[PDB]
Every structure is written in C-alpha cells, then in structure tokens.
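1. heads up, no residue letters with this:
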Ligand SMILES: Nc1nc(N2CCC3(CCC3)[C@H](CO)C2)c2cc[nH]c2n1
C-alpha cells in the first residue's frame, strides 16, 4: 500500500491520473519523481522547468554542479539527484527530443531507467515539448517498465484520450 490517490489502474504495475506532477509530488512526497530532463540538465521549460521552479531553482543549482563534474547525460540515460522539497530523489531521464531529430527508438532505453526504482511518480517521457506522440510513449512505458509507475498527465484532454485509446 502506498499514498498515491485517484489513479486509474492501467496494468498490474502502471497507474495513470490527470494531474500536475508538481502538485502531485508536493502532496505525495514520493521516493522518486521523474524529471523529463535534457542531457545538459537545463531545466528551462516543460516538466523540467516546472519542477525546477517549485524547488526555487535549487534543482538547477545542483544540476549545474553535476554537469560541471560529470558532463552531459546520454540520450536514453539518467542520473539520480535530490528531490529537494518534492520527493526524496529526482530521477532525471532523457527521452529523445523529436524537435531535435533524436531517434525515437531511444524512448525504450529511457524508460528502462525506471526499472531501477521500485515505485516512481513520472510524466510521459518525450511528450509535451519533446515532440513525441504521448499515446506511443504510453505504449512503450507499459511494455518496458516493470516496476510500479504512477503517471501524472497535466492536460485533461490528453488524459482522456490516453485512457480511451489504451489497449
Ligand atoms: N503531469 C505533468 N506533465 C507535464 N508535462 C508538460 C507537457 C506535456 C504535454 C506535452 C508534454 C506532458 C503532459 O503530461 C508533460 C507538466 C508540466 C508542468 N506540470 C506537469 N505535470
């Protein structure tokens, strides 16, 4: 039993909800919140920009130190950093950005990072400003993640379309 509330159960391990991931994180304080990161951990917009704003830019400060030490992530890769006031940890995961020409096959690799964590609150990778089809992203998530994933979907219209079209 965990503290996630009001989710629709999609499969054995995947749950979905129409919710702002920022407000969901602040209420649940999950062990792991997933950020829709880029390789430079520059959290300017989308889910990343919103999560960082909620940390009063502490996420960005921590991220800049991480990059200065380690260099950029790989597309499809991840790193674990602090969750600040939102979660114990933030798993920064880089899904491919279609608006940069990045290979969509890397979306499966991106979701594989979730399997290193027993329970996660996450957005749909490569959705929103990353330019991929959120329906496809959900399919890859379901077919790749084996740990317990709670998806927060910001747009109510998109949430209903995801549910109604789910196979
Ligand atoms: N669950 C959730 N998702 C977010 N994003 C941003 C927009 C897209 C649609 C294009 C990509 C995704 C929809 O879920 C993911 C945000 C941003 C702020 N808060 C959020 N909360």
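-> Looks like it arrived, so ask away. Residues are numbered from 1 along each chain as shown.
2. is it true that residue 38 touches residue 48?
-> Yes: counting by Cβ atoms under 8 Å, residue 38 does reach residue 48; the two are 7.2 Å apart. Backbone N, C-alpha and C define where each C-beta goes, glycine included.
3. So the two - more neighbours on which side?
-> Taking other Cβ atoms under 10 Å, residue 38 and residue 48 do not tie; residue 48 has more neighbours (24 against 20).
4. does the more buried one sit in a helix, a strand or a coil?
-> helix (DSSP: H, G, I helix; E, B strand; the rest coil).
5. can you tell me which residues contact it?
-> Counting by Cβ atoms under 8 Å, 6 or more residues apart in numbering, residue 48 touches 35-38, 42.
6. how close does it sit to residue 55?
-> As judged by Cβ to Cβ, to the nearest Å, residue 48 and residue 55 stand 11 Å apart.
7. now for the longest helix along the chain, which elements pack on it?
-> Secondary structure of the chain per DSSP state H: the longest helix is helix 58-70. Counting contacts by 3 or more Cβ pairs under 8 Å, 6 or more residues apart in numbering; DSSP states H and E, helix 58-70 is packed against helix 46-54, strand 78-82.
8. Would you pull up how far the last one lies from the middle of the chain?
-> Its chain's C-alpha centre lies 12 Å from the corresponding centre of strand 78-82 when counted by Cα atoms, centre = their mean, to the nearest Å.
9. ditto for the first one
-> Chain-centre distance of helix 46-54: 11 Å, with Cα atoms, centre = their mean.
10. Tell me which residues touch the residue of the chain found nearest the ligand, please.
-> Residue of the chain nearest the ligand, by Cβ to the nearest ligand atom: residue 128 (1.2 Å). With contacts defined as Cβ under 8 Å, 6+ apart, residue 128 is in contact with 36, 46-47, 134, 154.
11. now swap in residue 135 and tell me
-> 161-162, 165.
12. Quick check: phi and psi at residue 149.
-> phi -120, psi 130 (degrees, to the nearest 10).
13. Quick check: residues of this structure near the ligand?
-> Residues of the chain that fall close to the ligand, judged by Cβ under 6 Å from any ligand atom: 19-22, 46-47, 50, 123-124, 127-129, 152-155.
14. What about the closest residue in space to residue 19 that isn't next to it in sequence, how many residues nearby?
-> Using Cβ to Cβ, 6 or more residues apart in numbering and skipping the chain neighbours, the partner closest in space to residue 19 is residue 152 (4.3 Å). Around residue 152 there are 26 other residues, counting by other Cβ under 10 Å.
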